[PDB]
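Coordinates as given in protein_0.pdb (PDB, N, CA and C atoms):
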ATOM      1  N   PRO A   1      98.141  85.726  96.823
ATOM      2  CA  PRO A   1      98.350  86.924  97.675
ATOM      3  C   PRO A   1      99.639  86.797  98.410
ATOM      4  N   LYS A   2     100.364  87.907  98.635
ATOM      5  CA  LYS A   2     101.558  87.902  99.424
ATOM      6  C   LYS A   2     101.253  87.854 100.880
ATOM      7  N   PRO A   3     102.090  87.399 101.765
ATOM      8  CA  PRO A   3     101.738  87.273 103.150
ATOM      9  C   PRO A   3     101.484  88.565 103.848
ATOM     10  N   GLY A   4     102.385  89.556 103.731
ATOM     11  CA  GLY A   4     102.251  90.810 104.402
ATOM     12  C   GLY A   4     101.476  91.811 103.615
ATOM     13  N   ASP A   5     100.233  91.472 103.227
ATOM     14  CA  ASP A   5      99.408  92.287 102.389
ATOM     15  C   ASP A   5      98.684  93.358 103.131
ATOM     16  N   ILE A   6      98.351  94.469 102.451
ATOM     17  CA  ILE A   6      97.679  95.599 103.015
ATOM     18  C   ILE A   6      96.206  95.429 102.878
ATOM     19  N   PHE A   7      95.438  95.583 103.971
ATOM     20  CA  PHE A   7      94.015  95.436 103.975
ATOM     21  C   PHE A   7      93.384  96.518 104.782
ATOM     22  N   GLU A   8      92.077  96.781 104.595
ATOM     23  CA  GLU A   8      91.375  97.735 105.395
ATOM     24  C   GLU A   8      90.334  97.095 106.249
ATOM     25  N   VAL A   9      90.198  97.579 107.496
ATOM     26  CA  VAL A   9      89.158  97.194 108.399
ATOM     27  C   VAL A   9      88.121  98.262 108.442
ATOM     28  N   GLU A  10      86.839  97.852 108.458
ATOM     29  CA  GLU A  10      85.706  98.680 108.727
ATOM     30  C   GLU A  10      84.994  98.116 109.909
ATOM     31  N   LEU A  11      85.176  98.715 111.098
ATOM     32  CA  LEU A  11      84.544  98.264 112.300
ATOM     33  C   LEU A  11      83.967  99.424 113.037
ATOM     34  N   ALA A  12      83.413  99.196 114.241
ATOM     35  CA  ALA A  12      82.921 100.234 115.093
ATOM     36  C   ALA A  12      82.910  99.777 116.511
ATOM     37  N   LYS A  13      82.576 100.681 117.448
ATOM     38  CA  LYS A  13      82.566 100.444 118.858
ATOM     39  C   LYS A  13      81.488  99.530 119.333
ATOM     40  N   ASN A  14      81.872  98.438 120.018
ATOM     41  CA  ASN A  14      81.001  97.411 120.501
ATOM     42  C   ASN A  14      81.096  97.256 121.981
ATOM     43  N   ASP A  15      82.108  96.520 122.474
ATOM     44  CA  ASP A  15      82.475  96.408 123.852
ATOM     45  C   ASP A  15      83.227  97.632 124.245
ATOM     46  N   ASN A  16      84.334  97.917 123.533
ATOM     47  CA  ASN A  16      84.867  99.239 123.431
ATOM     48  C   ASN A  16      85.354  99.349 122.027
ATOM     49  N   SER A  17      86.519  99.962 121.750
ATOM     50  CA  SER A  17      87.024 100.098 120.420
ATOM     51  C   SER A  17      87.797  98.898 119.991
ATOM     52  N   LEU A  18      89.103  98.806 120.301
ATOM     53  CA  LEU A  18      89.949  97.777 119.780
ATOM     54  C   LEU A  18      90.201  96.675 120.749
ATOM     55  N   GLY A  19      91.046  96.915 121.769
ATOM     56  CA  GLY A  19      91.480  95.937 122.716
ATOM     57  C   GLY A  19      92.792  95.362 122.305
ATOM     58  N   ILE A  20      93.800  96.220 122.071
ATOM     59  CA  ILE A  20      95.079  95.808 121.584
ATOM     60  C   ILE A  20      96.159  96.665 122.151
ATOM     61  N   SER A  21      97.395  96.141 122.222
ATOM     62  CA  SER A  21      98.514  96.807 122.815
ATOM     63  C   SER A  21      99.588  96.957 121.794
ATOM     64  N   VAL A  22     100.422  98.002 121.941
ATOM     65  CA  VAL A  22     101.297  98.514 120.932
ATOM     66  C   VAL A  22     102.702  98.534 121.427
ATOM     67  N   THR A  23     103.696  98.428 120.528
ATOM     68  CA  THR A  23     105.076  98.493 120.891
ATOM     69  C   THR A  23     105.830  99.304 119.893
ATOM     70  N   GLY A  24     106.751 100.161 120.371
ATOM     71  CA  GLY A  24     107.547 101.056 119.590
ATOM     72  C   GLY A  24     106.828 102.279 119.134
ATOM     73  N   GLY A  25     107.040 102.677 117.866
ATOM     74  CA  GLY A  25     106.241 103.639 117.174
ATOM     75  C   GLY A  25     106.576 105.079 117.361
ATOM     76  N   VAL A  26     107.821 105.427 117.734
ATOM     77  CA  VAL A  26     108.189 106.760 118.097
ATOM     78  C   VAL A  26     108.601 107.628 116.957
ATOM     79  N   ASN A  27     109.838 108.155 116.922
ATOM     80  CA  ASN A  27     110.262 109.164 116.000
ATOM     81  C   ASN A  27     110.406 108.658 114.606
ATOM     82  N   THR A  28     111.040 107.485 114.435
ATOM     83  CA  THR A  28     110.739 106.564 113.384
ATOM     84  C   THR A  28     110.790 105.240 114.063
ATOM     85  N   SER A  29     110.374 104.141 113.410
ATOM     86  CA  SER A  29     110.326 102.872 114.068
ATOM     87  C   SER A  29     110.407 101.749 113.091
ATOM     88  N   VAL A  30     109.350 101.565 112.278
ATOM     89  CA  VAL A  30     109.155 100.410 111.461
ATOM     90  C   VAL A  30     109.710 100.597 110.090
ATOM     91  N   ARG A  31     109.253 101.650 109.389
ATOM     92  CA  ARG A  31     109.540 101.846 108.001
ATOM     93  C   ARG A  31     109.780 103.292 107.728
ATOM     94  N   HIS A  32     108.742 104.058 107.353
ATOM     95  CA  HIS A  32     108.774 105.483 107.232
ATOM     96  C   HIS A  32     107.800 106.041 108.211
ATOM     97  N   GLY A  33     107.966 105.594 109.469
ATOM     98  CA  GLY A  33     107.035 105.725 110.548
ATOM     99  C   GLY A  33     106.623 104.350 110.947
ATOM    100  N   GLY A  34     105.337 104.180 111.304
ATOM    101  CA  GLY A  34     104.724 102.912 111.554
ATOM    102  C   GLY A  34     104.654 102.563 113.001
ATOM    103  N   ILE A  35     103.603 101.818 113.390
ATOM    104  CA  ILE A  35     103.354 101.390 114.732
ATOM    105  C   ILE A  35     103.155  99.917 114.654
ATOM    106  N   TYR A  36     103.476  99.164 115.722
ATOM    107  CA  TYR A  36     103.506  97.734 115.718
ATOM    108  C   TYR A  36     102.664  97.175 116.812
ATOM    109  N   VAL A  37     101.984  96.038 116.581
ATOM    110  CA  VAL A  37     101.255  95.331 117.587
ATOM    111  C   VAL A  37     102.165  94.629 118.535
ATOM    112  N   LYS A  38     101.947  94.829 119.848
ATOM    113  CA  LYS A  38     102.608  94.090 120.878
ATOM    114  C   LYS A  38     101.925  92.779 121.070
ATOM    115  N   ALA A  39     100.646  92.825 121.483
ATOM    116  CA  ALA A  39      99.814  91.674 121.648
ATOM    117  C   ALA A  39      98.404  92.134 121.790
ATOM    118  N   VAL A  40      97.443  91.197 121.696
ATOM    119  CA  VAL A  40      96.040  91.455 121.788
ATOM    120  C   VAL A  40      95.568  91.300 123.193
ATOM    121  N   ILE A  41      94.716  92.221 123.677
ATOM    122  CA  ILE A  41      94.096  92.134 124.963
ATOM    123  C   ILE A  41      92.883  91.277 124.860
ATOM    124  N   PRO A  42      92.691  90.179 125.531
ATOM    125  CA  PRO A  42      91.524  89.362 125.364
ATOM    126  C   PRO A  42      90.335  89.876 126.101
ATOM    127  N   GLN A  43      89.833  91.060 125.710
ATOM    128  CA  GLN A  43      88.680  91.688 126.278
ATOM    129  C   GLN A  43      87.833  92.373 125.262
ATOM    130  N   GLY A  44      88.199  92.381 123.968
ATOM    131  CA  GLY A  44      87.515  93.173 122.993
ATOM    132  C   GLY A  44      87.355  92.524 121.661
ATOM    133  N   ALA A  45      87.075  93.363 120.648
ATOM    134  CA  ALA A  45      86.747  92.995 119.305
ATOM    135  C   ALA A  45      87.809  92.287 118.538
ATOM    136  N   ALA A  46      89.088  92.662 118.724
ATOM    137  CA  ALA A  46      90.204  92.085 118.040
ATOM    138  C   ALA A  46      90.365  90.626 118.297
ATOM    139  N   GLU A  47      90.149  90.205 119.556
ATOM    140  CA  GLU A  47      90.010  88.833 119.936
ATOM    141  C   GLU A  47      88.757  88.213 119.423
ATOM    142  N   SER A  48      87.587  88.801 119.735
ATOM    143  CA  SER A  48      86.292  88.247 119.490
ATOM    144  C   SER A  48      85.995  87.955 118.059
ATOM    145  N   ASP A  49      86.081  88.963 117.173
ATOM    146  CA  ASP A  49      85.792  88.806 115.781
ATOM    147  C   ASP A  49      86.960  88.218 115.066
ATOM    148  N   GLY A  50      88.191  88.610 115.443
ATOM    149  CA  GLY A  50      89.384  88.090 114.852
ATOM    150  C   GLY A  50      89.817  88.912 113.688
ATOM    151  N   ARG A  51      90.658  89.931 113.934
ATOM    152  CA  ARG A  51      91.000  90.898 112.936
ATOM    153  C   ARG A  51      92.457  91.204 112.960
ATOM    154  N   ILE A  52      93.068  91.347 114.151
ATOM    155  CA  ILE A  52      94.435  91.738 114.295
ATOM    156  C   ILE A  52      95.068  90.742 115.203
ATOM    157  N   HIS A  53      96.336  90.356 114.983
ATOM    158  CA  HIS A  53      97.064  89.567 115.926
ATOM    159  C   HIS A  53      98.438  90.105 116.131
ATOM    160  N   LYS A  54      99.287  89.391 116.892
ATOM    161  CA  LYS A  54     100.625  89.786 117.207
ATOM    162  C   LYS A  54     101.497  90.064 116.031
ATOM    163  N   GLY A  55     102.217  91.199 116.057
ATOM    164  CA  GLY A  55     103.112  91.630 115.028
ATOM    165  C   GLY A  55     102.531  92.230 113.794
ATOM    166  N   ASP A  56     101.221  92.533 113.759
ATOM    167  CA  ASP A  56     100.605  93.253 112.688
ATOM    168  C   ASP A  56     100.943  94.704 112.719
ATOM    169  N   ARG A  57     100.877  95.391 111.565
ATOM    170  CA  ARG A  57     101.360  96.729 111.410
ATOM    171  C   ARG A  57     100.283  97.621 110.894
ATOM    172  N   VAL A  58     100.213  98.894 111.324
ATOM    173  CA  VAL A  58      99.242  99.826 110.841
ATOM    174  C   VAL A  58      99.804 100.768 109.832
ATOM    175  N   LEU A  59      98.919 101.281 108.958
ATOM    176  CA  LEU A  59      99.219 102.256 107.957
ATOM    177  C   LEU A  59      98.356 103.447 108.197
ATOM    178  N   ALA A  60      97.166 103.493 107.574
ATOM    179  CA  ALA A  60      96.364 104.674 107.479
ATOM    180  C   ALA A  60      95.273 104.745 108.490
ATOM    181  N   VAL A  61      94.923 105.970 108.919
ATOM    182  CA  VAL A  61      93.876 106.246 109.854
ATOM    183  C   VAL A  61      92.791 106.962 109.126
ATOM    184  N   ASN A  62      91.719 106.238 108.757
ATOM    185  CA  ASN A  62      90.579 106.720 108.041
ATOM    186  C   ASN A  62      90.947 107.344 106.740
ATOM    187  N   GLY A  63      91.562 106.552 105.844
ATOM    188  CA  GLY A  63      92.048 107.002 104.577
ATOM    189  C   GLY A  63      93.410 107.603 104.593
ATOM    190  N   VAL A  64      93.761 108.390 105.626
ATOM    191  CA  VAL A  64      94.917 109.232 105.636
ATOM    192  C   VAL A  64      96.148 108.509 106.059
ATOM    193  N   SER A  65      97.225 108.600 105.256
ATOM    194  CA  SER A  65      98.491 108.001 105.541
ATOM    195  C   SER A  65      99.257 108.780 106.555
ATOM    196  N   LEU A  66      99.665 108.131 107.660
ATOM    197  CA  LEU A  66     100.423 108.745 108.706
ATOM    198  C   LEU A  66     101.881 108.667 108.408
ATOM    199  N   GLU A  67     102.347 109.494 107.456
ATOM    200  CA  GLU A  67     103.733 109.664 107.146
ATOM    201  C   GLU A  67     104.498 110.349 108.225
ATOM    202  N   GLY A  68     105.222 109.577 109.054
ATOM    203  CA  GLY A  68     106.136 110.081 110.032
ATOM    204  C   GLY A  68     105.527 110.485 111.330
ATOM    205  N   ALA A  69     104.347 109.941 111.675
ATOM    206  CA  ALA A  69     103.664 110.245 112.893
ATOM    207  C   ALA A  69     104.271 109.566 114.073
ATOM    208  N   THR A  70     104.425 110.297 115.192
ATOM    209  CA  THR A  70     105.003 109.810 116.406
ATOM    210  C   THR A  70     104.050 109.010 117.226
ATOM    211  N   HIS A  71     104.536 108.373 118.306
ATOM    212  CA  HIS A  71     103.749 107.551 119.171
ATOM    213  C   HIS A  71     102.646 108.293 119.843
ATOM    214  N   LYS A  72     102.909 109.527 120.308
ATOM    215  CA  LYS A  72     101.927 110.437 120.812
ATOM    216  C   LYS A  72     100.857 110.792 119.839
ATOM    217  N   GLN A  73     101.181 111.006 118.551
ATOM    218  CA  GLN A  73     100.229 111.301 117.526
ATOM    219  C   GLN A  73      99.378 110.121 117.206
ATOM    220  N   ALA A  74      99.979 108.920 117.133
ATOM    221  CA  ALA A  74      99.283 107.691 116.915
ATOM    222  C   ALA A  74      98.338 107.326 118.007
ATOM    223  N   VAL A  75      98.731 107.489 119.283
ATOM    224  CA  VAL A  75      97.910 107.217 120.422
ATOM    225  C   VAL A  75      96.793 108.190 120.584
ATOM    226  N   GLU A  76      97.049 109.499 120.404
ATOM    227  CA  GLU A  76      96.056 110.525 120.486
ATOM    228  C   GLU A  76      94.975 110.396 119.468
ATOM    229  N   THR A  77      95.324 110.068 118.211
ATOM    230  CA  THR A  77      94.382 109.817 117.163
ATOM    231  C   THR A  77      93.601 108.556 117.307
ATOM    232  N   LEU A  78      94.041 107.600 118.144
ATOM    233  CA  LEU A  78      93.292 106.431 118.491
ATOM    234  C   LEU A  78      92.263 106.677 119.540
ATOM    235  N   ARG A  79      92.540 107.497 120.568
ATOM    236  CA  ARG A  79      91.595 107.743 121.614
ATOM    237  C   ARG A  79      90.639 108.847 121.318
ATOM    238  N   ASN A  80      91.010 109.838 120.487
ATOM    239  CA  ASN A  80      90.113 110.859 120.043
ATOM    240  C   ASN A  80      89.292 110.430 118.875
ATOM    241  N   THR A  81      88.483 109.368 119.035
ATOM    242  CA  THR A  81      87.666 108.781 118.019
ATOM    243  C   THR A  81      86.215 109.035 118.237
ATOM    244  N   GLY A  82      85.546 108.132 118.974
ATOM    245  CA  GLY A  82      84.122 108.037 119.078
ATOM    246  C   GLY A  82      83.725 106.699 118.556
ATOM    247  N   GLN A  83      82.752 106.634 117.631
ATOM    248  CA  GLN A  83      82.100 105.405 117.304
ATOM    249  C   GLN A  83      82.835 104.523 116.353
ATOM    250  N   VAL A  84      83.273 105.051 115.197
ATOM    251  CA  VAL A  84      83.596 104.252 114.054
ATOM    252  C   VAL A  84      85.060 104.089 113.830
ATOM    253  N   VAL A  85      85.468 102.912 113.321
ATOM    254  CA  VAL A  85      86.831 102.539 113.109
ATOM    255  C   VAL A  85      87.059 102.224 111.671
ATOM    256  N   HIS A  86      87.734 103.124 110.933
ATOM    257  CA  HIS A  86      88.233 102.874 109.617
ATOM    258  C   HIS A  86      89.720 102.971 109.645
ATOM    259  N   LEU A  87      90.451 101.903 109.278
ATOM    260  CA  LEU A  87      91.879 101.945 109.195
ATOM    261  C   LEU A  87      92.403 101.019 108.152
ATOM    262  N   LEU A  88      93.691 101.167 107.794
ATOM    263  CA  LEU A  88      94.384 100.282 106.908
ATOM    264  C   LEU A  88      95.538  99.711 107.655
ATOM    265  N   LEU A  89      95.752  98.395 107.479
ATOM    266  CA  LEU A  89      96.751  97.622 108.150
ATOM    267  C   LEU A  89      97.579  96.932 107.123
ATOM    268  N   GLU A  90      98.822  96.558 107.476
ATOM    269  CA  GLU A  90      99.632  95.651 106.723
ATOM    270  C   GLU A  90      99.790  94.434 107.566
ATOM    271  N   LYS A  91      99.586  93.237 106.985
ATOM    272  CA  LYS A  91      99.693  92.022 107.732
ATOM    273  C   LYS A  91     101.093  91.723 108.147
ATOM    274  N   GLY A  92     101.282  91.260 109.396
ATOM    275  CA  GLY A  92     102.578  91.079 109.973
ATOM    276  C   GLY A  92     103.304  89.866 109.502
ATOM    277  N   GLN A  93     103.118  88.748 110.226
ATOM    278  CA  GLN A  93     103.598  87.447 109.875
ATOM    279  C   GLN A  93     102.514  86.590 109.317
ATOM    280  N   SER A  94     102.850  85.361 108.884
ATOM    281  CA  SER A  94     101.938  84.462 108.246
ATOM    282  C   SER A  94     100.974  83.835 109.193
ATOM    283  N   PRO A  95      99.684  83.860 109.035
ATOM    284  CA  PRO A  95      98.797  83.066 109.836
ATOM    285  C   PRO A  95      98.763  81.638 109.410
ATOM    286  N   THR A  96      98.334  81.321 108.176
ATOM    287  CA  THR A  96      98.431  80.018 107.594
ATOM    288  C   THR A  96      99.104  80.073 106.230
TER     289      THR A  96
ATOM    290  N   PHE B   1     112.064 125.007 133.261
ATOM    291  CA  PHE B   1     111.826 123.569 133.519
ATOM    292  C   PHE B   1     110.957 122.934 132.488
ATOM    293  N   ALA B   2     109.623 122.987 132.654
ATOM    294  CA  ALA B   2     108.674 122.375 131.776
ATOM    295  C   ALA B   2     108.161 123.321 130.746
ATOM    296  N   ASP B   3     107.190 122.875 129.929
ATOM    297  CA  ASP B   3     106.529 123.614 128.898
ATOM    298  C   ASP B   3     107.416 124.072 127.792
ATOM    299  N   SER B   4     108.426 123.275 127.399
ATOM    300  CA  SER B   4     109.459 123.765 126.541
ATOM    301  C   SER B   4     109.976 122.716 125.618
ATOM    302  N   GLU B   5     110.835 121.809 126.115
ATOM    303  CA  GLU B   5     111.698 121.030 125.283
ATOM    304  C   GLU B   5     111.247 119.618 125.128
ATOM    305  N   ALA B   6     111.318 118.797 126.191
ATOM    306  CA  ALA B   6     110.880 117.439 126.117
ATOM    307  C   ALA B   6     110.291 116.989 127.411
ATOM    308  N   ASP B   7     109.256 116.135 127.319
ATOM    309  CA  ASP B   7     108.618 115.484 128.419
ATOM    310  C   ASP B   7     108.820 114.019 128.241
ATOM    311  N   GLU B   8     108.262 113.176 129.129
ATOM    312  CA  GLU B   8     108.333 111.752 129.011
ATOM    313  C   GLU B   8     107.085 111.233 128.383
ATOM    314  N   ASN B   9     107.155 110.748 127.130
ATOM    315  CA  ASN B   9     106.010 110.205 126.466
ATOM    316  C   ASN B   9     106.333 109.156 125.457
ATOM    317  N   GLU B  10     107.444 108.417 125.617
ATOM    318  CA  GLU B  10     107.862 107.396 124.708
ATOM    319  C   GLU B  10     107.971 106.108 125.448
ATOM    320  N   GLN B  11     106.828 105.467 125.752
ATOM    321  CA  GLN B  11     106.760 104.140 126.282
ATOM    322  C   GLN B  11     105.727 103.375 125.529
ATOM    323  N   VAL B  12     104.690 102.825 126.187
ATOM    324  CA  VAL B  12     103.820 101.818 125.666
ATOM    325  C   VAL B  12     102.405 102.254 125.836
ATOM    326  N   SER B  13     101.520 101.895 124.889
ATOM    327  CA  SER B  13     100.130 102.232 124.882
ATOM    328  C   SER B  13      99.267 101.024 124.742
ATOM    329  N   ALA B  14      97.970 101.166 125.066
ATOM    330  CA  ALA B  14      96.949 100.255 124.651
ATOM    331  C   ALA B  14      95.679 100.999 124.420
ATOM    332  N   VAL B  15      94.753 100.421 123.634
ATOM    333  CA  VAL B  15      93.469 100.988 123.359
ATOM    334  C   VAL B  15      92.493  99.869 123.023
TER     335      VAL B  15
END
Mind converting the file's structure to C-alpha cells?
Amino acid sequence: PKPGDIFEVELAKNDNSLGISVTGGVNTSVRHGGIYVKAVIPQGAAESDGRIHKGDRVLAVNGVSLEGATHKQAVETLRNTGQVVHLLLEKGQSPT
Amino acid sequence: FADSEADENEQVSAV
C-alpha cells in the first residue's frame, strides 16, 4: 500500500462527533480544494478509537466529492449532521 | 455595508 492512501471511515456520534481541528481549506488550498487537519482535540472519538491524526486530508462527505468547496461549506456540512459519520479521507504522512 | 460582498469567515474551525 502507498502511504497517502484513500480510505473511508464509518463512524457515528458517541461523545460527540469528531473532536478535531482544521487548518486552511478556503477558496482553494490543498489540491483541487481540500481541507487539512491541524491537530486532534483529546476529548473525542478521533483520539479514543484512533482514526485521524495530524496532517490527514479529507475528500468526500458521505460518498460525495467536494470539488472546490470552501471552508464555510466544509464547516457547515460538518455541523449540519446529526448521528452518523460517513466520509473518505486521504492519509497524510506516514504513521509506521 | 453588509449583506452583499464579503464577510469575515476565513479562519479556523473545529468539530
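If you measure from each of A:12, A:78, A:6, A:60 to residue 15 (chain B) using only N, CA and C atoms, the closest one turns out to be A:78.
Considering the residues A:13, A:51, A:57, A:71 and counting all atoms listed in the file, chain B has its shortest atom-to-atom contact with A:71.
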Answer key for the PyMOL selection byres ((chain A) within 6.5 of (chain B)), residues as a PyMOL selection string | chain A and resi 17-24+72
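Atom pair CA of residue 62 (chain A) / CA of residue 85 (chain A): separated by 7.6 Å.
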Shell around residue 14 (chain A) at 12 Å using only C-alpha atoms, local window under 5 positions removed, as a PDB file with N, CA and C atoms, in the frame of the given file:
ATOM      1  N   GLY A  19      91.046  96.915 121.769  1.00  0.00           N
ATOM      2  CA  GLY A  19      91.480  95.937 122.716  1.00  0.00           C
ATOM      3  C   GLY A  19      92.792  95.362 122.305  1.00  0.00           C
ATOM      4  N   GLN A  43      89.833  91.060 125.710  1.00  0.00           N
ATOM      5  CA  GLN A  43      88.680  91.688 126.278  1.00  0.00           C
ATOM      6  C   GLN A  43      87.833  92.373 125.262  1.00  0.00           C
ATOM      7  N   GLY A  44      88.199  92.381 123.968  1.00  0.00           N
ATOM      8  CA  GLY A  44      87.515  93.173 122.993  1.00  0.00           C
ATOM      9  C   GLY A  44      87.355  92.524 121.661  1.00  0.00           C
ATOM     10  N   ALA A  45      87.075  93.363 120.648  1.00  0.00           N
ATOM     11  CA  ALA A  45      86.747  92.995 119.305  1.00  0.00           C
ATOM     12  C   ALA A  45      87.809  92.287 118.538  1.00  0.00           C
ATOM     13  N   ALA A  46      89.088  92.662 118.724  1.00  0.00           N
ATOM     14  CA  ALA A  46      90.204  92.085 118.040  1.00  0.00           C
ATOM     15  C   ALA A  46      90.365  90.626 118.297  1.00  0.00           C
ATOM     16  N   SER A  48      87.587  88.801 119.735  1.00  0.00           N
ATOM     17  CA  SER A  48      86.292  88.247 119.490  1.00  0.00           C
ATOM     18  C   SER A  48      85.995  87.955 118.059  1.00  0.00           C
ATOM     19  N   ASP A  49      86.081  88.963 117.173  1.00  0.00           N
ATOM     20  CA  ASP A  49      85.792  88.806 115.781  1.00  0.00           C
ATOM     21  C   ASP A  49      86.960  88.218 115.066  1.00  0.00           C
ATOM     22  N   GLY A  82      85.546 108.132 118.974  1.00  0.00           N
ATOM     23  CA  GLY A  82      84.122 108.037 119.078  1.00  0.00           C
ATOM     24  C   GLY A  82      83.725 106.699 118.556  1.00  0.00           C
ATOM     25  N   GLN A  83      82.752 106.634 117.631  1.00  0.00           N
ATOM     26  CA  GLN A  83      82.100 105.405 117.304  1.00  0.00           C
ATOM     27  C   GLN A  83      82.835 104.523 116.353  1.00  0.00           C
ATOM     28  N   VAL A  84      83.273 105.051 115.197  1.00  0.00           N
ATOM     29  CA  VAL A  84      83.596 104.252 114.054  1.00  0.00           C
ATOM     30  C   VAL A  84      85.060 104.089 113.830  1.00  0.00           C
ATOM     31  N   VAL A  85      85.468 102.912 113.321  1.00  0.00           N
ATOM     32  CA  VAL A  85      86.831 102.539 113.109  1.00  0.00           C
ATOM     33  C   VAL A  85      87.059 102.224 111.671  1.00  0.00           C
TER      34      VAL A  85
END
Correct to one decimal, the distance atom C of residue 38 (chain A)-atom N of residue 55 (chain A) is 5.3 Å
Would you translate the PyMOL selection byres ((chain A and resi 27) around 6) into the concrete set of residues it matches in this file, as a ChimeraX atom specification?
-> /A:25-26,28-29,70-71
Going by the chain IDs and residue numbers used in this file, which residues fall under the PyMOL selection byres ((chain A and resi 53) around 6.5)? Write them as a PDB file with N, CA and C atoms, in the frame of the given file.
ATOM      1  N   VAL A  37     101.984  96.038 116.581  1.00  0.00           N
ATOM      2  CA  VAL A  37     101.255  95.331 117.587  1.00  0.00           C
ATOM      3  C   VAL A  37     102.165  94.629 118.535  1.00  0.00           C
ATOM      4  N   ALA A  39     100.646  92.825 121.483  1.00  0.00           N
ATOM      5  CA  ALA A  39      99.814  91.674 121.648  1.00  0.00           C
ATOM      6  C   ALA A  39      98.404  92.134 121.790  1.00  0.00           C
ATOM      7  N   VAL A  40      97.443  91.197 121.696  1.00  0.00           N
ATOM      8  CA  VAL A  40      96.040  91.455 121.788  1.00  0.00           C
ATOM      9  C   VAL A  40      95.568  91.300 123.193  1.00  0.00           C
ATOM     10  N   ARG A  51      90.658  89.931 113.934  1.00  0.00           N
ATOM     11  CA  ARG A  51      91.000  90.898 112.936  1.00  0.00           C
ATOM     12  C   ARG A  51      92.457  91.204 112.960  1.00  0.00           C
ATOM     13  N   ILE A  52      93.068  91.347 114.151  1.00  0.00           N
ATOM     14  CA  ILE A  52      94.435  91.738 114.295  1.00  0.00           C
ATOM     15  C   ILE A  52      95.068  90.742 115.203  1.00  0.00           C
ATOM     16  N   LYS A  54      99.287  89.391 116.892  1.00  0.00           N
ATOM     17  CA  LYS A  54     100.625  89.786 117.207  1.00  0.00           C
ATOM     18  C   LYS A  54     101.497  90.064 116.031  1.00  0.00           C
ATOM     19  N   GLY A  55     102.217  91.199 116.057  1.00  0.00           N
ATOM     20  CA  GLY A  55     103.112  91.630 115.028  1.00  0.00           C
ATOM     21  C   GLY A  55     102.531  92.230 113.794  1.00  0.00           C
ATOM     22  N   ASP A  56     101.221  92.533 113.759  1.00  0.00           N
ATOM     23  CA  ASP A  56     100.605  93.253 112.688  1.00  0.00           C
ATOM     24  C   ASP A  56     100.943  94.704 112.719  1.00  0.00           C
TER      25      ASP A  56
END
Centre, edges in Å (one decimal): axis-aligned box, region 78-86 of chain A, 4 Å padding on all six sides, as lines of an AutoDock Vina configuration file:
center_x = 88.1
center_y = 106.5
center_z = 115.6
size_x = 19.9
size_y = 16.6
size_z = 20.0
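Taking only C-alpha atoms into account, residue 32 (chain A) lies nearest to A:59 out of the set A:64, A:75, A:9, A:59.
Between CA of residue 89 (chain A) and atom C of residue 7 (chain A) there is a distance of 4.9 Å.
Among A:91, A:58, A:80, A:8, the residue with the shortest atom-to-atom distance to residue 30 (chain A), counting only C-alpha atoms, is A:58.
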